[PDB]
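Report on the following structure.
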Ligand SMILES: Nc1ccn([C@@H]2O[C@H](COP(=O)(O)OP(=O)(O)OP(=O)(O)O)[C@@H](O)[C@H]2O)c(=O)n1
Ligand SMILES: Nc1ccn([C@@H]2O[C@H](COP(=O)(O)OP(=O)(O)OP(=O)(O)O)[C@@H](O)[C@H]2O)c(=O)n1
Ligand SMILES: O=c1ccn([C@@H]2O[C@H](COP(=O)(O)OP(=O)(O)OP(=O)(O)O)[C@@H](O)[C@H]2O)c(=O)[nH]1
Ligand SMILES: O=c1ccn([C@@H]2O[C@H](COP(=O)(O)OP(=O)(O)OP(=O)(O)O)[C@@H](O)[C@H]2O)c(=O)[nH]1
Ligand SMILES: O=C(O)C[C@H](NC(=O)CP(=O)(O)O)C(=O)O
Ligand SMILES: O=C(O)C[C@H](NC(=O)CP(=O)(O)O)C(=O)O
Ligand SMILES: O=C(O)C[C@H](NC(=O)CP(=O)(O)O)C(=O)O
Ligand SMILES: [Mg+2]
Ligand SMILES: [Mg+2]
Ligand SMILES: [Zn+2]
Ligand SMILES: [Zn+2]
């Protein structure tokens with residue numbers, strides 16, 4: 007392999023192309039002292055091209071794995087221990103996205119006040135609609151920006 | 007070698023910790039279809055820890071290399087062809103830096119108007135001096151890097 | 001305890017049909033048989049961070065009719081939030097150590113919801129948060145619709161004016177959609193249309209609704225003509241073409257109205273309802289406003305008093 | 001052509017000693033023997049985006065004394081930049097299609113430099129850019145020192161007041177440092193000290209400078225006492241403790257001055273020079289101002305004429 | 001005397017094709033061979049009651065290039081009309097006892113026409129009256145089109161942006177319609193369309209014009225692409241949705257333009273022309289502005305001199 011195996015931690019495989027970097031940026035995954043190995047634009051038999059993120063001595067809860075669903079719905083999260091895959095899971099669409107997004111309603115109380123952002127998530131047509139906990143306005147995920 | 011050798015392209019080695027991810031942003035390096043491998047928080051002989059970036063079939067622009075001198079003076083840029091290192095160098099401080107930096111003088115005309123930023127560069131032994139072409143004020147590069 | 005005891009009252013979206021019916025039943029009871037001492041020994045904050053006549057004065061009157069005391073402000077300019085830079089969060093954190101409930105109106109959407117995250121065990125009652133929700137308006141509206149039509153189901157309801165920014169119609173449409181077989185007519189300028197999240201909610205519930213460009217189209221079949229003011233203080237400057245009321249109801253427009261039809265308006269009105277409407281039997285906006293006392297007494301009783309009033 | 005023909009005049013940092021001497025020699029000639037038609041058929045823009053009395057009026061008077069015409073503005077409020085949103089860049093782009101030279105003062109540092117990038121073959125003369133440079137002030141300052149002291153070398157020069165924001169002393173210090181053996185005394189509040197880039201330049205050239213907390217310390221040894229106004233329109237609010245003049249020169253303070261010492265001030269003064277100084281033989285700020293005519297004629301003549309023969 | 005001697009220049013509607021050609025021919029002559037003393041001993045008033053950069057400065061520069069003197073104001077705030085309640089009528093009545101010609105720009109339509117009724121034998125030149133007419137802009141526009149296209153007939157001209165309030169395109173369309181076989185493309189928001197009185201004139205003369213919702217539709221066929229700024233100081237608040245430029249020309253949009261096509265803009269631009277257009281060979285708005293000098297000298301020369309021989 008071009009990106010070698012790890013002893014212990016999490017391997018996020020099958021990330022769509024151009025999404026791997028977005029995931030590192032959004033979830034601040036590089037803000038750690040743990041060893042990270044990343045492959046971008048790797049070939050895949052299943053997806054064609056794919057990104058890959060490996061984070062040692064770091065683990066993701068089901069909730070944290072679910073947060074990936076908005077960006078990599080068909081990703082695989084491998085829990086590694088003693089060089090062994092001891093668990094595989096796929097992201098499921100979460101009930102909400104907290105902290106990382108910014109409400110696009112400029113008159114929302116969330117901008118002025120010391121609260122964390124929070125949006126309810128639902129499937130609308132073939133899109134993802136986000137409804138702000140505070141202002142209750144609803145937006146396409148496309149127009150809800152990150153911090 | 008966790009991240010293995012490549013055929014043709016660029017290997018930026020000896021990037022200090024917590025800088026590698028910043029380089030991927032600033033230089034839009036992931037905005038390509040070229041295969042990329044990244045090691046963050048790798049052990050290092052001379053540095054203890056380091057970041058490492060490999061880009062296949064790709065080379066840096068000039069001054070983008072001399073932008074490197076600001077963010078990572080100790081970094082090593084390797085030019086690779088046919089699996090061999092054929093160009094190896096550390097980026098030296100340029101005289102001038104354009105476009106990427108922001109003058110910290112809030113009353114500088116460069117904020118309000120459609121011109122490109124431009125700084126003259128010189129070393130003061132304990133930091134780098136950046137001098138704005140427009141306002142003629144001089145700053146430590148520590149202060150300019152808060153764009 | 002009754003289902004609403006110590007509950008926050010933020011959004012109609014958080015309330016069920018049973019909740020709404022409970023408030024109205026309680027309102028009917030207190031109207032027939034006042035309980036002047038029900039909330040004796042309560043102190044309630046009335047905190048208005050934007051303008052109000054009806055909502056603040058009827059809430060405070062209701063508090064006194066129930067024997068409770070009132071503290072607060074009708075203007076934020078002379079609070080420490082107004083002058084010393086204090087957050088809304090800290091304002092709620094201290095006020096909630098003083099009072100048994102907080103009634104608040106605020107110009108930013110989501111303010112009431114935020115307050116609940118800092119008020120501890122003290123209930124927050126949303127008297128309006130930006131262009132979002134206005135639950136107690138909806139309670140009095142429902143009471144008024146029920147009074148004049150005899151039911152809350154199988155009604156033809158037209159809503160006119162600024163539907164985009166009307167917290168009134170956001171709340172009211174959600175409420176009536178919890179009842180069966182209601183039909184909606186939306187008469188708005190395109191720039192101030194009913195928001196998509198409301199329409200999607202109607203579609204999921206199989207509720208019929210349609211857009212119309214005139215009151216006359218639907219006058220013959222409406223039971224409730226709910227008129228609204230253009231919310232000019234919420235408009236973007238790019239929406240300034242709609243400042244002036246696009247639909248003006250006058251007495252001659254009511255010729256083919258059903259006998260039972262009532263004209264409602266949460267008020268204040270500018271010109272969207274001509275004064276010649278006032279004396280016709282269809283005008284019910286002042287009666288509506290007076291119903292705010294019964295609805296708001298009811299809500300206060302249910303939130304602050306453990307047992308059901310009978 | 002003379003070395004200054006068709007050159008932008010932006011910063012003293014771009015000028016050599018020879019350039020400065022050339023202007024001074026030309027100034028002395030014009031003062032002695034006027035050339036009323038030297039700039040006949042020239043039209044010059046006088047563009048002031050912040051306030052001025054001396055710099056604008058002497059510049060324009062200078063243009064008229066040489067026979068040039070003048071267009072421009074003293075306020076930006078009624079330009080298309082003031083009312084229609086036009087950038088400075090575009091402003092320079094069109095004005096430079098009209099005139100033979102542009103004189104500009106502007107509240108932002110760098111504005112004059114930026115103008116040179118849009119003015120094509122039209123020379124720009126910096127009448128002051130924020131707190132950065134003030135080249136023509138330095139020209140008249142040097143001229144006045146030369147006149148009164150007989151030299152620009154081996155002087156003892158004190159600069160007093162707001163040295164941080166004084167574009168006058170930034171330009172003047174750089175100019176005097178191009179000459180030999182000058183010694184500087186900086187008397188300023190800590191918050192408004194002479195900036196480090198100036199001091200570093202003095203160090204690199206092996207020029208002696210020192211800080212002093214009073215005029216009295218240096219009165220007996222100075223040839224030139226250069227007073228400045230606190231640049232209150234430039235102060236950050238955090239610097240407002242420095243608004244009042246900290247150093248106030250009065251006639252009584254001159255008792256131990258060298259007989260040849262002159263008090264200069266680019267003007268306007270607020271209170272840093274009391275009016276009882278005006279009648280002493282050391283007061284020379286009005287004569288200095290008057291010299292703006294000869295320096296500015298000299299500069300205009302050299303930029304817009306290839307050759308001058310006296 | 002020449003046909004324009006001592007004539008008011010108020011509206012393109014009062015000028016013939018021959019009049020326009022005369023100014024253009026005179027402009028070309030003066031550009032090629034300047035006449036520095038043509039208006040010696042003339043004094044001209046430059047009276048601007050609203051903002052200007054190009055029109056005022058080029059006009060005044062033009063006066064100086066021909067040897068005339070200038071008096072006037074760029075702000076009405078310090079005239080007796082600004083502070084003492086004086087009418088425009090009386091203002092014109094006295095100023096016309098001083099000067100040989102009056103150049104005036106004013107925020108109200110008709111102001112220039114009104115001035116002619118109080119100025120007696122003194123010619124008035126309209127530098128812009130509200131959203132009505134802008135004759136001298138049209139003169140320099142025509143000159144620039146003639147220069148770059150070699151002709152004023154059989155052109156394909158696109159006008160983009162605020163055509164309702166653009167006094168520039170009102171005058172320019174009327175002028176080009178005096179020539180043969182010109183074809184017009186109007187690209188504007190519905191709220192700011194080219195007014196009906198313009199269109200009717202085009203119909204009466206059998207001139208083809210059409211509306212288009214994009215520049216792209218017509219890019220391949222236009223000789224002149226005339227961009228305009230949204231006249232926000234003229235907008236009714238009901239029209240505020242149109243404040244941002246709806247059509248934004250970028251360098252990439254020029255890919256299928258005729259090689260000879262020129263982009264014009266009377267200026268200032270806000271965002272309707274991106275700065276990356278400036279370096280393309282099609283950008284000609286700064287050259288256009290520069291041509292204001294020759295058109296305005298030409299006009300002044302023809303109004304104030306009986307005869308010119310080159
Ligand atoms: N010590 C290890 C073991 C596994 N992996 C990585 O974990 C991912 C998936 O593990 P594995 O089940 O062994 O591979 P696959 O069978 O291909 O899994 P899948 O079918 O889901 O793609 C691979 O990217 C592999 O490189 C790793 O980085 N370090
Ligand atoms: N085909 C190749 C050749 C080299 N490398 C990488 O390029 C970097 C520097 O090349 P090399 O000179 O071979 O390593 P060093 O001798 O350690 O160089 P240095 O002294 O700079 O550490 C190393 O990180 C190595 O992994 C690579 O990725 N692909
Ligand atoms: O941990 C890994 C996994 C994969 N790779 C690199 O990615 C490519 C695929 O190697 P894989 O073996 O992991 O992919 P795959 O066959 O399992 O097919 P998919 O499940 O991804 O659809 C190869 O180019 C390999 O070098 C790594 O470098 N490291
Ligand atoms: O291409 C590389 C280079 C280095 N590494 C990883 O980096 C670590 C260091 O291995 P190196 O061999 O690259 O370090 P070094 O001896 O050259 O000493 P320095 O130049 O860094 O001072 C090792 O843990 C190795 O796995 C890679 O994975 N890939
Ligand atoms: O303002 C409106 O038009 C409707 C509604 N009106 C009221 O609540 C009545 P008031 O503002 O007097 O309390 C509101 O949303 O505030
Ligand atoms: O303003 C000062 O105190 C010094 C200096 N003063 C002048 O140039 C004189 P004026 O502002 O009247 O043209 C300046 O920088 O503007
Ligand atoms: O203002 C415009 O957008 C077009 C036109 N512009 C001009 O005349 C240029 P200026 O306002 O700088 O004299 C006008 O009508 O005033
Ligand atoms: Mg696999
Ligand atoms: Mg090495
Ligand atoms: Zn929100
Ligand atoms: Zn700067």
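Protein chains in written order, with the authors' numbering: chain B, 7 to 153; chain D, 7 to 153; chain A, 1 to 310; chain C, 1 to 310; chain C', 1 to 310. A prime marks a further copy of an entry chain.
Just so it is clear, CB atoms sit at the ideal spot from N, CA and C, and this is done for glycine as well.
Asked                                                                                                                       : Found
Integer Cβ distance of residue 105 of chain C from residue 55 of chain C, believed to fall under 8 angstroms                : 6 angstroms
Reference residue 148 of chain A, options A:305, A:292 and A:287, closest by Cα                                             : A:287
Below-9 angstroms beta-carbon distance, residue 204 of chain C vs any chain D residue                                       : no
Whole-angstrom distance between residue 298 of chain A and residue 15 of chain A, CA atom to CA atom                        : 15 angstroms
Beta-carbon proximity of residue 139 of chain A to residue 102 of chain A, cut-off 9 angstroms                              : no
Completely contained beta strand (DSSP E) runs for the region 106-185 of chain C', where each covers 3 or more residues     : 124-129 and 156-160
Identity of the residues DSSP links to residue 46 of chain C' by a beta bridge                                              : C':72 and C':103
The region 251-263 of chain C contacting the region 229-243 of chain C, beta-carbon criterion three pairs below 8 angstroms : no
Boundaries of the beta strand (DSSP E) in which residue 17 of chain B is found, first to last residue                       : 15-22
Residue 299 of chain A (DSSP reduced to helix, strand or coil)                                                              : helix
Inter-residue spacing [alpha-carbon to alpha-carbon] between residue 62 of chain A and residue 156 of chain A               : 31 angstroms
Residue of B:124, B:92, B:51 and B:47 minimising C-alpha distance to residue 141 of chain B                                 : B:124
Residues near residue 87 of chain B in its chain [Cβ-Cβ closer than 7 angstroms; skip 5 each side]                          : 14
9 angstroms Cβ cutoff met for residue 13 of chain C and residue 133 of chain C                                              : yes
Where the beta strand (DSSP E) containing residue 102 of chain B begins and where it ends                                   : 102-104
Assigned exposure category for residue 93 of chain B - 16 Cβ within 10 Å defines buried                                     : exposed
Beta carbon proximity, residue 270 of chain C' to chain C, threshold 9 angstroms                                            : yes
Members of the region 139-151 of chain B near chain A, C-beta cut-off 9 angstroms                                           : 139, 140, 141, 142, 143 and 144
Coarse secondary structure for residue 227 of chain A, derived from DSSP in three states                                    : strand
Partner residues on chain D for residue 105 of chain C, Cβ-Cβ distance less than 8 angstroms                                : Within chain D, no residue comes near residue 105 of chain C; the closest Cβ sits about 13 angstroms away, beyond 8 angstroms.
Nearest to residue 6 of chain C' (by Cα), restricted to the options C':201, C':229, C':230 and C':120                       : C':120
Residue list, Cβ distance to ligand 10 heavy atoms smaller than 7 angstroms                                                 : B:109, B:111, B:114, B:116, B:138, B:140, B:141, B:143, A:109 and A:110
7 angstroms Cβ shell around residue 26 of chain A - same chain, five flanking residues per side excluded                    : 298, 301, 302 and 309
Start-end ranges of the alpha helix (DSSP H) lying completely within the region 201-250 of chain C', minimum 4 residues     : 216-219
Exposure label - residue 98 of chain C; buried when at least 16 CB within 10 Å                                              : buried
Three-state class that DSSP yields for residue 11 of chain B in the structure shown                                         : coil
Delimiting residues of the beta strand (DSSP E) encompassing residue 44 of chain B                                          : 42-50
Every unbroken beta strand (DSSP E) within the region 257-298 of chain C, with a cutoff of 3 residues, ordered by chain     : 262-264
Beta-carbon proximity of residue 68 of chain A to residue 40 of chain A, cut-off 9 angstroms                                : yes
Nearest residue (CA-CA) to residue 132 of chain D, options D:122, D:146 and D:104                                           : D:146
8 angstroms Cβ cut-off: residues of chain A touching residue 121 of chain B                                                 : 89, 114 and 117
Residue 7 of chain D, buried or exposed, once every other Cβ within 10 Å from all chains shown has been counted against 16  : exposed
Residue 127 of chain C versus C:280, C:118, C:107 and C:100, residue with shortest Cα-Cα distance                           : C:107
Chain A contacts from the region 59-93 of chain C' (Cβ-Cβ distance under 7 angstroms)                                       : none
Nearest-residue set for ligand 5, Cβ under 7 angstroms from any heavy atom                                                  : A:51, A:52, A:53, A:54, A:55, A:56, A:128, A:134, A:137, A:166, A:167, A:168, A:228, A:229, A:231, A:266, A:267 and A:268
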